[PDB]
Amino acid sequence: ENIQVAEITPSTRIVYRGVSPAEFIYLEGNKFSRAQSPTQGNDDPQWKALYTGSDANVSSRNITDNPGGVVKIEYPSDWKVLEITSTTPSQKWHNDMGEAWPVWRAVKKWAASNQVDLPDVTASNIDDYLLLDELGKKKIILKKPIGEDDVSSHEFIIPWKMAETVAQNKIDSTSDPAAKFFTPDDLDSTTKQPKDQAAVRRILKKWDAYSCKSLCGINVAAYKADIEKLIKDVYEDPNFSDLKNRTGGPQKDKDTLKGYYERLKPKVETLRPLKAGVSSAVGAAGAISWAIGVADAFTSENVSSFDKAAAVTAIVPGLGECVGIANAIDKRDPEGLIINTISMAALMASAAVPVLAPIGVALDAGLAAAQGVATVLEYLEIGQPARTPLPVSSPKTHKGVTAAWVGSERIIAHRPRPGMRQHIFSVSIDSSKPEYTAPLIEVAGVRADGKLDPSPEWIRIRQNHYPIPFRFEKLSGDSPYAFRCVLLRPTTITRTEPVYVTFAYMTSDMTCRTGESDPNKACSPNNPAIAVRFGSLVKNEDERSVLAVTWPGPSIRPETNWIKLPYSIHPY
């Protein structure tokens, strides 16, 4: 057996839970209710329950969209807390932790020597004994690691019948005002979701802040005032009047931009000298290369506003080779380096982009680039120790980015019966360019209605202590049937911080069928695959173009910014 269960006695019987605005409003004046939950916490009956987190941060960063806030739950002392553990001391995670049958065996083994009577669940009759419902008849909750990519954080799984017995005064939604990310006027009463992007940005700020309440590292926002003044000081210097008064199209000549670089780098270090011994991390070749990228981005996307120009800057590839601090930063003067490198980044962009009337003068583009660059770096844990990445298999590289599977990518329909199944892949930077970076813009996957149903509640995109919002979408079309997750703030792949994507699906008795003439069509969807995009769209190529078995691929279409990972589906 791979997993085991043992009762623990926690020092604090306090869990947390991230909720949408509607649920946060509900919980302020009602108790938890299975009927009020549209999914009952999980598409899989074995797992239907109330899910909670081991601390406020884990719950905060496992909201994936439409964040409302985080509530604090105090559960009774008489509840038995059963922790799922690996039988191998080296391995803290095992995929059996997620499968109803192995877990069933593990609690049965514990119950037998601990005076708890549980049904005689078998691989045959498992459909008749739903795990969490059955533990709810016995005063049991489950403690479990969040996932293979977050083994040190844990979810507490609370059977609904017990969740419903928690008193109201034990559900805290008020003592910390920062745990409530929205105000009522931010939402539409009919949808009870944010009215507009202004609201979404406001909620995101409170969401981000709470998730790091610092756990996230350097607060890049703390230096916007300095960076803005600094850039403005440069543009008032008479020696830079040629930048200040520049009009017309972009400047992408590498000699020309190098000339600005060597005029700008010393100037920036004068306005905010770095502390003794510390040196600038900006490189000529990367800044020139990156600035050209911003200029190409400004033209192609016709930026009609400051924020549009800032957004476009945040998803330009190669920022890490220009700022030099995407993966590490000199701890002797982190503030000075942040102020120094962003300012350099934005000034170089201001020298290369076209000067578009909607933006303003060249200075305005520079300031817009600074906001964009700062947003990118804000979500990287610079200056904190680098994480050991998860081992991968079957990698595929394109334009310096690498997608690969963590563990097994196969989706088995019966294990031993249908249920919630999942696979995980990582998006990494290829180490040949150790400081390269690229945006994660969207991920997509095949589906089959009634056969392989993506579970939007349990899809996750993970990197560090920040949440990673995305919008889940079931797409139109039958060739193939597909879904996409659109990331909702600048999400950046780095060497030291790859992004982990978990896709969860429900399988059914209809996933695989017998009797078909071709053994490869026995399971739907046929030709299964996922896809990750880290650059601009190619005309007439969307996620459904790539997922299709008819996609030409990166060799025929090297301009693409997609990587496609196939996987296989099997009945048992």
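Don't overthink the numbering: it's just position in the shown sequence, from 1.
Chemist: Residues without coordinates, deposited sequence, stretch from residue 410 to residue 411: is the count none, 1 to 3, 4 to 9, or 10 or more?
Modeler: Missing residues, residue 410 to residue 411: none.
Chemist: Tell me which stretch has the larger mean Cα B-factor in this entry, 71-79 or 445-453.
Modeler: Higher mean C-alpha B-factor in the PDB entry: 71-79.
Chemist: Got a sec? Mean C-alpha B-factor, which is higher, 516-524 or 500-508?
Modeler: Taking the mean C-alpha B-factor of 500-508 and of 516-524, the larger value falls to 516-524.
Chemist: Name the residue from 381, 134, 149, 96 with the greatest C-alpha temperature factor listed in the entry.
Modeler: The listed residue with the largest C-alpha B-factor is 381.
Chemist: Using only the C-alpha B-factors in the record, can you name which of 12, 555, 550, 561 has the highest?
Modeler: Answer for 12, 555, 550, 561: 12, with the highest C-alpha B-factor.
Chemist: So where's residue 29 on the chain's Cα temperature factor ranking, which third?
Modeler: Middle third.
Chemist: Quick check for you: using the entry's CA B-factors within this chain, is residue 260 in the lowest, middle or highest third?
Modeler: Highest third of the chain for residue 260's C-alpha B-factor.
Chemist: In terms of the CA temperature factor given in the entry, to which third of its chain does residue 359 belong: lowest, middle or highest?
Modeler: Highest third of the chain for residue 359's C-alpha B-factor.
Chemist: Taking the entry's C-alpha B-factors for this chain, is residue 4 in the lowest, middle or highest third?
Modeler: It belongs to the highest third of the chain when residues are ordered by C-alpha B-factor.
Chemist: Would you check the entry's CA temperature factor for residue 539 and let me know if it's in the chain's lowest, middle or highest third?
Modeler: For residue 539, whose C-alpha B-factor we compare with every modelled residue in the chain, the answer is the highest third.
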